[PDB]
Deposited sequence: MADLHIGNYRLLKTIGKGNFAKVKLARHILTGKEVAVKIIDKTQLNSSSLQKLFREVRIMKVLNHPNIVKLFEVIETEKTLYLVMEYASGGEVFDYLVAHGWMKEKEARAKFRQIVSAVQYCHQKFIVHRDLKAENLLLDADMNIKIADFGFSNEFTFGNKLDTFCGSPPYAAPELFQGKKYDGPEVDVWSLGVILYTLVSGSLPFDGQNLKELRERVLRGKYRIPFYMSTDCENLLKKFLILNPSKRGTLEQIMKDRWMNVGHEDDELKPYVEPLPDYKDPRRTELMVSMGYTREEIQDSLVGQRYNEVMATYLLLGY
């Protein structure tokens, strides 16, 4: 038991499935021991939380509440009951292009929206693409993410090798968004084939292959999927397609004649919904503290209840 949550079974810092007592809603709670972190780690943890609070997209795992005690930080997250795309791929082998496209339109919307908010993810990979109960994508794990500006190449060469842009294996100060564009190409490849385009016996092999930038196109892959891959997986970062360019690509829009993929528009805030507010008032909250919590984006217990009532 913690705050307004009854903690239930472990599902993954431990991650525990929990129920919000006031709303009865199911959530995933990350339990993080602060004591045993170092300054650097602590700093990155505050950054990760700040980043998660900024992102509000239907295919990004939602943060509901932050609970702090001396020794423990609790992050109350949206629960994605379908598990990782990684384990889905292992169970089903691969996705037919139509299914891959359904996932990949949601992936691309989500990441292009991160970029709109001036956030690079930096660990886009199958394990970080979760699936909710309706088989929608929910992007997770902002542990390597950072804010960026266009007047600033980035400095830190973090990622996961098979998904990492070659400039990262090199020493090379880089434009952040472009790194996520490469990783997205690798994802696309792995959704349609069920295999990774760059690997080897060891990381020195993997590295060499990534830096050559050559990958094999299986014979079943459509011409459109092949041509799309070519816009992501380009060695020179400044000629990789932009995500806005990539949204208009043919493969992305097959079956979407009337509904081309376009950048996500963040909904206006609604902090004064009469239905949710009434319910909360009869739970004993007041309108005044709902307003302060929501307008202040506090992610405290009040804000969490309001959010959970709309989910």
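According to the record, the deposited residues with no C-alpha atom in the structure span 1-4, 17-20.
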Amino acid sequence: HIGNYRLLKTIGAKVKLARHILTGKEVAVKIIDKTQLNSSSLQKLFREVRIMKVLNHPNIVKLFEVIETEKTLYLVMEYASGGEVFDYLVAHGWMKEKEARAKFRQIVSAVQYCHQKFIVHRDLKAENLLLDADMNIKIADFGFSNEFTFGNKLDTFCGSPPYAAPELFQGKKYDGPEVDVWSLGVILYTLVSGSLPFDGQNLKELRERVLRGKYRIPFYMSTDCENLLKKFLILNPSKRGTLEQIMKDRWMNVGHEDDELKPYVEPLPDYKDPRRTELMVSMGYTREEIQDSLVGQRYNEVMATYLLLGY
From here on, numbers count along this sequence of modelled residues.
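Mean CA B-factor, 118-126 versus 168-176: the higher value falls on 168-176. 260-268 and 42-50 differ in mean CA B-factor, and the higher of the two is recorded for 260-268. Taking the PDB entry at face value, the top CA B factor among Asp224, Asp134, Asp87, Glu97 belongs to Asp134. Per the deposited record, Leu154 carries the highest C-alpha B-factor of all listed residues (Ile139, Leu154, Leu228, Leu196). Residue-level temperature factors show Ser282 in the middle third of its chain, judged at the C-alpha atom. The PDB entry assigns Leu8 a C-alpha temperature factor belonging to the highest third of its chain's modelled residues. Ranked by C-alpha B-factor against the other modelled residues of its chain, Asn202 falls in the highest third. In the deposited entry, the Cα temperature factor of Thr149 sits in the top third of values across the chain's modelled residues. Annotation for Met252: CA B-factor lies in the lowest third of the chain's modelled residues.
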